[PDB]
Amino acid sequence: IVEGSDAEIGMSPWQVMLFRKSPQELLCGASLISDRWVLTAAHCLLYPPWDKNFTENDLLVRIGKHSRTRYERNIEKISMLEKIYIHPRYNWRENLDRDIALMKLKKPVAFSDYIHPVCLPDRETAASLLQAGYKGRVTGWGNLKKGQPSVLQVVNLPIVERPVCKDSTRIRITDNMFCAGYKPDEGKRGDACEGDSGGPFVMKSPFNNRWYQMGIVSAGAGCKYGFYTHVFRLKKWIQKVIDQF
Amino acid sequence: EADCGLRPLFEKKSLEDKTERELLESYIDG
């Protein structure tokens with residue numbers, strides 16, 4: 001995260017870390033949406049342009065973490081990926097359209113004051129909170145500009161108008177995505193950097209005080225606007241996979 | 001899942017995280 005700050009312990013109990021086994025290091029971010037389901041970007045696991053193809057065994061998930069590296073007894077829990085589900089229509093060759101993936105755990109994880117699932121949107125919530133101007137929140141252990149944050153970072157940023165999203169790049173932004181971030185003339189900066197991909201983009205609903213995941217970090221603006229996966233746009237798919245298992 | 005979105009150390013104790021208000025203000029405008 002760029003221009004963010006150290007998050008408060010348990011400020012995002014749904015944050016999930018995708019830790020690689022060798023080299024042992026952080027791969028991406030993710031969120032906990034249930035006791036057995038983890039949500040992340042598709043390119044965090046499979047991205048041919050970079051010869052990237054991670055199998056379930058190539059890693060695991062560290063849940064309820066705060067520090068970026070230090071192991072955290074009686075705080076973080078580690079799970080084993082049972083199955084990975086990349087979106088069928090996920091295309092990387094053009095613009096990461098439908099850059100989303102589901103990861104099921106071999107064993108359900110218990111919740112705590114540090115580990116707690118986030119709610120997925122719905123047309124009402126989405127249609128009402130997904131509006132340019134409104135600020136969402138992003139978190140992660142991605143780089144900063146040393147460039148390695150000690151603990152999870154946090155930053156809030158505005159949704160940018162689809163029209164503006166378009167002009168800001170030659171990439172054909174689809175409806176399954178939306179861009180967020182500040183305009184150069186805003187002064188204040190802040191965005192998702194490399195390593196924060198697969199991370200949750202959330203909003204606190206005023207109509208019920210609960211936090212909702214509107215997007216997934218697909219293409220951080222820098223370290224221009226960041227591109228995120230439209231979670232509701234793909235909710236249908238999510239369930240289809242859930243009901244399936 | 002039925003208690004999702006509410007933070008054990010924040011909402012559940014009537015506490016506001018360091019900068020969530022900013023988000024609230026966004027809905028308003030400033």
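Under the PDB entry, chain A has the name Thrombin heavy chain and belongs to Homo sapiens.

Draft legend 1. How the structure looks around the overall build of chain B. A count of helices and strands for chain B gives 1 helix and 0 strands. Judged by the C-alpha coordinates and their principal axes, chain B covers about 30 × 20 × 10 Å. In chain B, which comprises 30 residues, the proportion classed as buried is 43%.

Draft legend 2. Inspection of the UniProt feature "active site" in chain A at higher detail. All names here are of chain A. The UniProt entry lists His 43, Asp 99 and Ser 197 under the feature "active site", expressed in the numbering used here. Looking at the secondary structure, you find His 43 in the loop between β4 (37-40) and β5 (46-47). For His 43, a relative accessible area of 10% gives the class buried. Excluding residues that lie within four positions of it along the chain, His 43 makes contacts with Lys 52, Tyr 90, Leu 96, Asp 99, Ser 197, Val 217 and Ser 218. Of note is the side chain of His 43, whose polar atom sits 2.6 Å from the side chain of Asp 99.

Draft legend 3. Looking closely at the pattern of salt bridges. Applying the stated criterion across every chain yields a total of 18 salt bridges over all chains. With a closest N to O distance of 2.8 Å, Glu 161 of chain A and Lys 183 of chain A form a salt bridge. Placement of the pair is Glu 161 of chain A in the loop between β12 (153-158) and α2 (162-167) and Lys 183 of chain A in the loop between β13 (177-180) and β14 (200-204), with a sequence separation of 22 residues. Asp 175 of chain A is the partner of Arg 233 of chain A in a salt bridge, and the nearest nitrogen-oxygen pair spans 3.6 Å. The network of salt bridges with common partners includes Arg 137 and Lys 204 of chain A together with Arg 7, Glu 11, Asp 17 and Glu 20 of chain B.

Draft legend 4. Spatial organisation of the sheet that holds β14 of chain A. The 7 strands lie next to each other as β1-β12-β11-β14-β15-β16-β13 (chain A), forming an open sheet whose pairing is antiparallel. Because the sheet does not close on itself, it has two edges, and the strands there are β1 (5-6) and β13 of chain A. Bridging between β1 of chain A and β12 of chain A involves 2 bridges; their strand directions are antiparallel. Across the sheet, residue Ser 5 of chain A finds its bridge partner in β12 of chain A, namely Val 154 of chain A. This element, helix α1 (residues 20-28) of chain B, spans β11 (135-140), β12, β14 and β15 (211-219) of chain A of the sheet and lies at about 150 degrees to β11 of chain A.

Draft legend 5. Spotlight on the domain arrangement of chain A. Residue and element names in this part refer to chain A. Domain boundaries assigned for chain A yield domain 1 (1-12 + 118-232) and domain 2 (13-117 + 233-245). The gap between the C-alpha centroids of domain 1 and domain 2 is 18 Å. Taken over both partners, the interface formed by domain 1 and domain 2 buries close to 3,200 Å², and the fraction arising from carbon and sulfur atoms is 58%. Run the count over domain 1 and domain 2 and you get 1 salt bridge. Take the side of domain 1 that touches domain 2: its biggest share by element is 5 residues, from β15.

Draft legend 6. Up close: the pairing of β15 of chain A. All names here are of chain A. Burial within β15 is extensive, with 8 of its 9 residues counted as buried. Bridge analysis of β14 against β15 gives 5 bridges, and the strand direction is antiparallel. Counted as the bridge partner of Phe 201 is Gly 215 from β15. Here 4 bridges tie β15 to strand β16 (residues 226-230), and the two strands are oriented antiparallel to one another. Counted as the bridge partner of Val 217 is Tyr 228 from β16.

Draft legend 7. Region of interest: the interface of chain B and chain A. Contact residues are listed per partner, giving 20 residues for chain B and 31 residues for chain A. With both chains or domains summed, chain B and chain A bury close to 2,200 Å², and 57% of this area falls on carbon and sulfur atoms. Our count for the chain B to chain A interface comes out at 3 salt bridges. Note that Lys 135 of chain A and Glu 22 of chain B form a salt bridge whose closest N and O atoms lie 2.8 Å from each other. One can count 15 residue pairs in polar contact joining chain B with chain A.

Draft legend 8. Representation of helix α3 (residues 235-243) of chain A in the model. Residues and elements named next belong to chain A. Among the residues of α3, those classed as buried are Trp 237, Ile 238 and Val 241. What you see down the axis of α3 is that its buried residues fit within an arc of 105 degrees, all on one side. Among the exposed residues of α3, those pointing more than 90 degrees away from its buried face are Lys 236, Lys 240 and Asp 243. Looking at the buried residues of α3, the elements they touch are β4, β9 (81-86) and β10 (101-105).

Scoring rules and cut-offs
Residues numbered from 1 in each chain as written, not as in the entry; some residues may be left out. Chains lettered and ligands numbered in written order. Heavy atoms only, no water. Helix = DSSP H or I, 4+ residues; strand = E, 2+ residues; numbered from the N terminus. Buried < 20%, exposed > 50% of the residue type's maximum accessible area, 1.4 Å probe, protein only. UniProt positions renumbered as here; feature names shortened; annotations may be inferred. Contact = heavy atoms within 4.5 Å. Polar contact = N/O pair within 3.5 Å; in protein donor to acceptor, adjacent residues only side chain to side chain. Salt bridge = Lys/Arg side-chain N within 4 Å of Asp/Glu carboxyl O. Pairing = 2+ DSSP bridges. Axes fitted to C-alpha atoms, helices over the stretch in contact; angles between N-to-C directions. Domains from an automatic or database assignment. Buried area = accessible area lost by both parts, 1.4 Å probe. Arc of directions from axis to C-beta.

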